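Following: one structure in structure tokens, then a few remarks.
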Amino acid sequence: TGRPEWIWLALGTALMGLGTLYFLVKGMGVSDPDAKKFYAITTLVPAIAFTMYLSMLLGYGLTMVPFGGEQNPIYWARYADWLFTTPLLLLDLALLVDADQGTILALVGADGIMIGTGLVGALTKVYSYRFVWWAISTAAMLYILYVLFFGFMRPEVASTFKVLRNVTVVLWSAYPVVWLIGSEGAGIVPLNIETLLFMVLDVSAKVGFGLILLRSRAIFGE
Amino acid sequence: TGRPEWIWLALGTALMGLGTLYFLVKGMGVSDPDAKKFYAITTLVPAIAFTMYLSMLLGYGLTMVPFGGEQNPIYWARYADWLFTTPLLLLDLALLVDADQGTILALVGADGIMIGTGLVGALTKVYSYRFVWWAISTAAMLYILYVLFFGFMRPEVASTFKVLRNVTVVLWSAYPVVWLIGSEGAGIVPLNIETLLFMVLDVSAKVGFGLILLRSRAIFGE
Amino acid sequence: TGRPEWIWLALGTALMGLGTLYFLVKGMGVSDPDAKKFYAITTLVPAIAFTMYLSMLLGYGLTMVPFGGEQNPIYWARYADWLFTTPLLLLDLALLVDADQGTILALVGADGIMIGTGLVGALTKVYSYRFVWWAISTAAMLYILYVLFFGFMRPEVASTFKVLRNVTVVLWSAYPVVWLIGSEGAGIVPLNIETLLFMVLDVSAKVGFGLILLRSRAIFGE
Ligand SMILES: *C/C=C(C)/C=C/C=C(C)/C=C/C1=C(C)CCCC1(C)C
Ligand SMILES: *C/C=C(C)/C=C/C=C(C)/C=C/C1=C(C)CCCC1(C)C
Ligand SMILES: *C/C=C(C)/C=C/C=C(C)/C=C/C1=C(C)CCCC1(C)C
């Protein structure tokens, strides 16, 4: 298409699509209730991402926001993706270690604030206030990362959790950086590079993460 | 009002309203926890539909979307209705057969994708892409219908489930057809007829379904 | 700022922010699963309110709606706040008395209708219909208040529930009054006074409520 980031949106679409199909196939014939939870969560995540990547590719998930005296292209569909996929990823982690309901609520609530404030930040027309929202969102992320380390271990699941939590902490922490330097923030990195960066992170955090989880038998019970 | 479909919106409003009141009355004095689940779900469904039918009647739930070089009237409030009511109907089915959490998640997740992509399709300005979204939404529906047959039987509930699943499969499958031929899609059937069609389906799938469920003592325990 | 209600938005922001921090601090070192539920719910409520108060302060959460032949300032962010915070407050009450799932569903569903129809009412351009939505929303509120009295007692929790339910019934019942007389409704009270009123109610219903709950050991188990 006419926007140079189209190739990364097309690639993200294809990779989320393939990942979804792969997880769909791998989860066929799974009878264990706990495994069924993990396959459902883990397959949904790339399915959702697939749809939102497609919406970006086709132009539906893009809006123009005026700030700094110009029209800035903002892919709002990312936030629609993240709104559902990030709590689902936390839920995968949380179920893995049999987190109590209270901790799950805290995680999901904090995550909604993170994404919600991120979206407000992304759509805010007063440039300086965009970063206020960024800071609030980042505080919520830090709370999530804090809980992931200090807020939950059954030896069925201990080592897989530890790996998935580390992947999670590393990949998630990059998102606020990318937003801060990209088109939503300071605008030091052009939109095509920012889209490439989010695409690598997204596929890694969704399909990558899923592969690690759905390859470990921490999800199965004999 | 000035739009010929108003009569079907008025009738849908009245029928959802009456259905809600009826279920509200029938659920008074119900003490059994499991029955309370089914009455709550089943009463909420038409209550929600009532509100969205009203919004359509009054014009709030209607927007104009440009595609094919014209302004097309699109009732977006349908998707707001379906977003909550369709997962609730799946939940009624799922609770009936004591589905595990993983299957519930899969159903609700697939359903959100179905409705979500349907809405994107309904609001997409590039005509040809409207049908891409339709296809994705239909794939999600097919997955739901697949799970309803192959993805879950306690003899308390077996025969009522089978009836409700068949009603569900027949009525739900018509929605993508109606959308495809109506004002959101190919535009072969005028909006008034499409509204009539959705109204018959909606009342059948919500009030009709509810009557069957809430008349069978598959929901009660002595 | 240029809008006279800014002081009440600034004060609400500060008070929700401080309340969140206070509950965050009080919940540190809490190990009991049930207490963890109540701290998570109760801390999230003001955190969410904080974000939406901020959005109003900064102007993001304000839109202009034409009705009565003029442009009316409508703070839509209130509904975004209430959408999440009101069900969470009901959930606190419901968990306290070990409500069954069916009653929880009914409460949360009714609450969504209340807020949803409130928002439709707030954004409706035909003046007279604004009050139709108000009435539907108020009916949903009345149903909630009905369930809070007749729809659920374990002596661990009985007396704290009774206090929190009374605070809830008194404060919540004022919201429809304020909306009816304020800028969203009949317009007899200017927006600055209405904002002041909602701010007093909000802080009382969120931070006030939370203090009562999180000070009673009805949430702890030895
Ligand atoms: C698959 C997608 C994932 C795991 C996305 C994660 C996204 C984040 C952790 C985003 C975080 C943000 C902030 C902490 C600051 C504001 C900007 C956001 C929303 C990008
Ligand atoms: C009470 C309302 C019900 C049960 C509505 C069900 C709606 C559907 C099954 C809609 C399905 C659609 C597709 C599968 C294709 C795209 C268009 C939709 C959203 C109408
Ligand atoms: C912390 C915020 C709380 C507890 C807010 C509660 C809000 C209500 C009970 C609002 C009720 C409304 C009606 C019943 C009528 C229509 C207008 C509303 C949404 C203000």
Side-chain angles (χ1 to χ4, degrees), chain A residues 105, chain B residues 20-21 23-25 27-33 35-41 43-44 47-48, chain C residues 34 37-38 40-42 44-46 48-49 79 81-118 134-153 155-161 163-179 198 201-216 218-219:
Chain A
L105 279 184
Chain B
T20 306
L21 297 181
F23 296 145
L24 265 168
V25 166
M28 288 177 65
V30 165
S31 60
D32 178 63
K36 285 168 93 173
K37 262 185 271 169
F38 296 110
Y39 276 99
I41 292 163
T43 304
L44 273 168
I48 293 160
Chain C
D34 286 303
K37 262 185 271 169
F38 296 110
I41 292 163
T42 305
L44 273 168
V45 161
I48 293 160
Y79 304 90
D81 172 341
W82 300 337
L83 180 53
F84 300 101
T85 64
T86 58
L88 286 168
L89 290 161
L90 292 173
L91 181 60
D92 256 346
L93 295 176
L95 287 182
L96 198 51
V97 300
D98 207 5
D100 47 50
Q101 291 169 28
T103 310
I104 293 165
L105 279 184
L107 286 170
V108 170
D111 193 288
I113 291 170
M114 191 178 72
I115 304 302
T117 56
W134 181 92
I136 289 164
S137 181
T138 298
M141 191 191 68
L142 293 175
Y143 175 81
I144 291 165
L145 304 190
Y146 161 79
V147 171
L148 292 181
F149 286 100
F150 301 99
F152 304 121
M153 184 149 45
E156 286 81 4
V157 299
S159 63
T160 306
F161 173 83
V163 169
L164 288 169
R165 175 182 66 190
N166 290 346
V167 166
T168 291
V169 172
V170 172
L171 294 175
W172 286 40
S173 292
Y175 283 78
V177 179
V178 171
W179 195 104
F198 279 136
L201 291 171
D202 284 341
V203 173
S204 291
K206 295 175 162 72
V207 181
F209 178 105
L211 290 163
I212 297 169
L213 175 53
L214 295 179
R215 268 165 178 163
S216 96
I219 71 183

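Note: hydrogens, waters and symmetry copies are ignored here, and every other heavy atom, side chains too, is used. Chain letters run A, B, ... following the sequence lines, proteins first and then strands; every chain starts at 1.
- Contact detail for B:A40 and C:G102: the closest heavy-atom pair is CB-O, 3.3 Å.
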Pair C:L90-C:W172, side chain to side chain contact (heavy atoms under 4.5 Å, CB included): steps then yes or no: CA-CA 11 Å; C:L90 292 173; C:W172 286 40; 3.7 Å; yes
Output, in order, the C-alpha distance, side-chain angles, deciding distance and verdict of side chain to side chain contact (heavy atoms under 4.5 Å, CB included) for C:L95 and C:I41. CA-CA 10 Å; C:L95 287 182; C:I41 292 163; 3.6 Å; yes
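- Put simply, the side chain of A:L105 does not reach to within 4.5 Å of the side chain of C:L88, judged on heavy atoms.
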Per-pair distances, 0.1 Å, donor-acceptor, side chain in residues 201-208 of chain C, under 3.5 Å, sequence neighbours excluded:
from: C:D202; atom 1: OD1; to: C:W82; atom 2: NE1; distance (Å): 3.4
from: C:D202; atom 1: OD1; to: C:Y175; atom 2: OH; distance (Å): 2.6
from: C:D202; atom 1: OD2; to: C:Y53; atom 2: OH; distance (Å): 2.7
from: C:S204; atom 1: OG; to: C:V200; atom 2: O; distance (Å): 2.9

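- Heavy-atom minimum distance, C:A49 versus C:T85: N-CG2, 4.3 Å.
- The minimum heavy-atom distance between B:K36 and B:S31, with the atom names listed, is CD-O, 3.5 Å.
- Between the CG atom in C:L96 and the CG atom in C:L213 there is a gap of 6.5 Å [rounded to 0.5 Å].
- For the atom pair OG1 of C:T42 and CG of C:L89, the computed distance is 7.5 Å after rounding to the nearest 0.5 Å.
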Between C:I113 and B:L44, does a side chain to side chain contact (heavy atoms under 4.5 Å, CB included) hold up when you go through it step by step? CA-CA 9 Å; C:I113 291 170; B:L44 273 168; 4.0 Å; yes
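- Between C:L91 and C:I104 there is a side-chain heavy-atom pair separated by less than 4.5 Å.
- Within the 4.5 Å cutoff, the side chain of C:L93 has heavy atoms near those of the C:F209 side chain.
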Would you be so kind as to tabulate the donor-acceptor pairs closer than 3.5 Å made by side chains of residues 142-153 of chain C, with sequence neighbours excluded?
none

Can you list the steps and then say if C:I212 with C:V163 is a side chain to side chain contact (heavy atoms under 4.5 Å, CB included)? CA-CA 8 Å; C:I212 297 169; C:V163 169; 4.0 Å; yes
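- Looking at heavy atoms from C-beta onward, C:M141 lies in side-chain contact with C:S173 at the 4.5 angstrom threshold.
- Taking the side-chain contact (heavy atoms from CB on, under 4.5 Å) definition, one finds that C:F84 meets it with C:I48, sequence neighbours left out.
- Residues C:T160 and C:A218 come closest through the heavy atom pair OG1-CB, 3.7 Å.
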